[PDB]
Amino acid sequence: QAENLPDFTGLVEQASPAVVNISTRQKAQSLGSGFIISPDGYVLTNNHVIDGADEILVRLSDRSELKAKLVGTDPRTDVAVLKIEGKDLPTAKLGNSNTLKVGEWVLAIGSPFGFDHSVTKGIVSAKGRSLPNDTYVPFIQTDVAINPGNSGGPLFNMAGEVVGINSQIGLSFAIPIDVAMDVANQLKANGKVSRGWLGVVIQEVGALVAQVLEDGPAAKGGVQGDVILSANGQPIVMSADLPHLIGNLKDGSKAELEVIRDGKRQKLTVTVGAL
């Protein structure tokens, strides 16, 4: 049987070229991994790989070394966009992470310690939009091996399409490529991600306001202990349905939320903010 087991050698060969090493210099010190999403030198990575670096060097498989300026970064999704200078650079095909199915085979490729690629296989362990410690950023979980230096490299389906950005944090986490490409479009066009802001901490039940704030715009509209079942007309089946919605709202726009307090249903409007 075993000799008839398919393997990732062709996939490694076809999908490694676009994966790069991200380093900085004191003024060959590896910071992590990343990949090329366009032949003219746009590169994705993690915010936490480039944070604190000033001169950023991108190191290719042909072992070219290129100077990178930081196009933009988003700590909340932990996504960073760099730009280097080339023409017809090897570029990674991008896929859809919403069609990723739990149980599918995936392949992480990094360039952890200089120009060389390192490769690890696994499956999709889980997907979601939530954690007990956060209600914001959707995630993919895989049982791929954890490496220092692989963080920021891409996560491949068996067709060689990027389905995620392998961020390190025994299961390993990745940013769904749908979210990362969204964030990267934003950073590329504006330099920063804008997110509509609510002065509330929520918990599940709708979304159960567990801590409304002072000087939060929500306080200007209402008080704590309110189960928000819709905002701007969209049902809240999950508490995590709410922040992304508010996040996609433009600061200053009105948001109409329906809340239940004591069996009583009501509606309050808020001029949403940012950050």
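Position 1 is the first residue in the sequence shown; the rest follow in order.
The modelled chain breaks between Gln224 and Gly225, where 1 to 3 residues of the deposited sequence lack coordinates. According to the entry, the deposited sequence places 10 or more unmodelled residues between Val205 and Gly206. In this entry, 261 to 269 shows the higher mean Cα temperature factor of the pair 261 to 269 and 9 to 17.
When the mean C-alpha temperature factors of 156 to 164 and 67 to 75 are read from the deposited coordinates, 67 to 75 comes out higher.
Residue-level inspection of the entry shows that, of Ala180, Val201, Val193, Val144, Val201 has the top Cα B-factor. Listed residues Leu44, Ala219, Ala53, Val58 were ranked by CA B-factor as deposited; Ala219 comes out on top. Per the deposited record, the Cα B-factor of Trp105 falls in the lowest third when ranked against the other modelled residues of its chain. For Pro243, the recorded CA B-factor ranks within the highest third of the chain. Only modelled residues enter the ranking. Placement of the Cα temperature factor of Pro132 within the chain: highest third of the modelled residues, per the deposited record.
The deposited CA B-factor of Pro235 belongs to the highest third of values across its chain. Ranked against the other modelled residues of its chain, the C-alpha B-factor of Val209 as given in the entry falls in the highest third.
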